[PDB]
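Here's the structure we're looking at; comments come further down.
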Amino acid sequence: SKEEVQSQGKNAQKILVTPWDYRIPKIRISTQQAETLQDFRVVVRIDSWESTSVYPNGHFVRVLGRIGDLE
RNA sequence: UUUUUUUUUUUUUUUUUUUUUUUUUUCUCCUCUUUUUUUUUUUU
């Protein structure tokens, strides 16, 4: 959310993403569009679980629809 | 009743060349609560 992105900097490489089912951990991905996609669902995948992190790493895949409209 | 003389617009043209997007950082990060997980069935 915004008040916790304006504090990430403005070139915040690393970012944390919240999944949609409670069964899945949170994922560490690196993007540079976080301050203009705070009203959309997105999609990611997974390449490698690393042990120097408590979470698994990822990377963005494609955009999805908008939060609020049935589509 | 007033003669004679005092040059002018730099000369030159017939020289070879075998490279190539970019370029250089920013750390670790507490996801709150009825559950085992329901399940046949038929009309698309």
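All of the numbers you see were taken from the coordinates with simple rules; none came from a lab. Don't worry about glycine lacking a Cβ; one is built from the backbone with ideal geometry, like all the others, and counts go over all protein chains shown.
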Could you tell me how many of the residues in region A:1-10 are away from RNA strand B (no atom under 12 Å from the Cβ) and small (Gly, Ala, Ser)?
1
Where residues in region A:11-27 are charged (D, E, K, R) and near RNA strand B (Cβ under 6 Å from one of its atoms), which of them is farthest from A:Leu64 (Cα to Cα)?
A:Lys14
Does region A:38-58 contain any residue that is within 14 Å of RNA strand B (Cβ to nearest atom) and either among the charged types (D, E, K, R) or in contact with a helix residue (DSSP H, G or I) (Cβ under 8 Å, 6 or more places away or on another chain) (or both)?
yes
Answer yes or no: is there a residue in region A:9-28 that is of a type in the set (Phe, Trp, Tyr), loosely packed, with under 10 Cβ neighbours inside 10 Å and out of contact with any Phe, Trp or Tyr (no Cβ under 8 Å at 6 or more places or on another chain).
yes
Using beta carbons and a limit of 7 Å, which pairs, at least six apart or on different chains, have the first residue in region A:48-71 and in contact (Cβ under 8 Å) with a residue 40 or more places away in the chain and the second one of a type in the set (A, V, I, L, M, F, W, C) and assigned to a strand (DSSP E or B)?
A:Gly58/A:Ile27; A:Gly58/A:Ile29; A:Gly58/A:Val44; A:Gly58/A:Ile46
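Mind counting the residues in region A:56-65 that are loosely packed, with under 14 Cβ neighbours inside 10 Å and not small (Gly, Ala, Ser)? Spell out the reasoning first.
Within region A:56-65, the first condition is being loosely packed, with under 14 Cβ neighbours inside 10 Å, and the residues that meet it are A:59, A:61-65.
Filter once more, so that each one left must be not small (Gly, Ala, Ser): A:59, A:61-64.
Final tally of qualifying residues: 5.
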Output the residues belonging to region A:1-19 that are under 17 Å from A:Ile29 (Cβ atoms), without any contact (Cβ under 8 Å) to a residue 24 or more places away in the chain and not charged (D, E, K, R).
A:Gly9, A:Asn11, A:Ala12, A:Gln13, A:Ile15, A:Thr18, A:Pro19
